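A single chain comes next, written as structure tokens; it is the form deposited in one PDB entry.
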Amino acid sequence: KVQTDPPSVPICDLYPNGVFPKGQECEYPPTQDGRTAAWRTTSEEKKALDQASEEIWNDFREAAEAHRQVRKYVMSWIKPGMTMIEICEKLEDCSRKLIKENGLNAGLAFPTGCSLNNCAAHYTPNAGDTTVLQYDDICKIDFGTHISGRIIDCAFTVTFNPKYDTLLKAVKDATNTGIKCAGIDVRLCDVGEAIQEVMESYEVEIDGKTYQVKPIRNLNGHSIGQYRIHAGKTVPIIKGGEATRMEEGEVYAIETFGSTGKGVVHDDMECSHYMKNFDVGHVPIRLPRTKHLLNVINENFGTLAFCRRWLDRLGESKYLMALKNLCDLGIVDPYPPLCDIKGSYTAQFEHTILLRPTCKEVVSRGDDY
């Protein structure tokens, strides 16, 4: 029936009918030649094409509902004083529960990002990380869930000091702007131009210093594929970023990043995130430790991203060199933390959208953001 205070009932059991709640459904934005959408949500052939992938949309929805319930839960207890490990463990414990983890059929799409301050993304603690969340920290919670490879890439920013309020509002508004501009036949470079205009319309004051929010130029949104967090197309966030168009049936992660620094990220700190190259095929390996690790990765993650903590929990130890080998062989790719200049502040907001035949669905939309 209903769920417990501390989320523990799988989303699957909350909807015995196998039909999960849809996200925010929107009519596609007008074009300039009668190519709007007040006809799509209406067309008969479109309703057919759409209904044809109902099971797919349904898998995204089950993953999205798990995501909404997990983040609402996280927002109630995340507090300075907790270690980053404690935060990720508690979040992941709940995510595995509500998504009813079942090997590669259902589970966590990628590691729990909890990047701090100047670091914008790809940071999650490795074993032994003693980092503690602080009152003045600006933490980006970015985690994912999936059902049959249908990934929900969604994220928000956590703060405790009201001095970052306008900064968060700026990035949230920017992301929502990107979501509204998105649609079938829309040029990706136009979405980025739109996002940047809104983002830069915000000026903020933090600790006596004023800044015009800058989008992080080398970070962006992206299309999503089955078991493929990045399908190939990128949603810029600034301006001149390719006029390729979005297509019907595509799924996108509309994510924007705002910064008070240079607006550019670079690799920094110890790497924790890793993911098999989607285009690399079977590779025979004789090296004992390297062979075993690759098998563990194929069995547990496939082409989904993972982190060192997830290797530890599987009972693996002294796998670092084997992991480096796979990376050097190009079988696996490392994704180190991406950070702006020291002293800068970065914020993020992200949603997954479905470019359905009849409409645009912000499947991960919630009452929170």
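Shifts are known only where both forms have a C-alpha. Note that residue numbering begins at 1 and tracks the sequence as displayed. Throughout, rigid core stands for the largest set of C-alpha atoms superposing within 1.5 Å between the two forms.
Quick note: we don't show the form deposited in another entry, though the next part is all about it.
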Legend entry - Position that moves between this form and the one not shown after core superposition, taken from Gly34, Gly315, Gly343, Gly330, with Cα shift of 2 Å or more: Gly34
Inset, instruction - Kindly indicate if, in the other form, the C-alpha atoms of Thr177 and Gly34 are closer or farther apart than in the structure shown, bearing in mind the change is 3 Å or more. - result: closer
Inset, instruction - Can you list the runs, three or more residues long, in which each C-alpha shifts by 2 Å or more between this form and the one not shown once everything is superposed on the core? - result: 32-36, 240-243
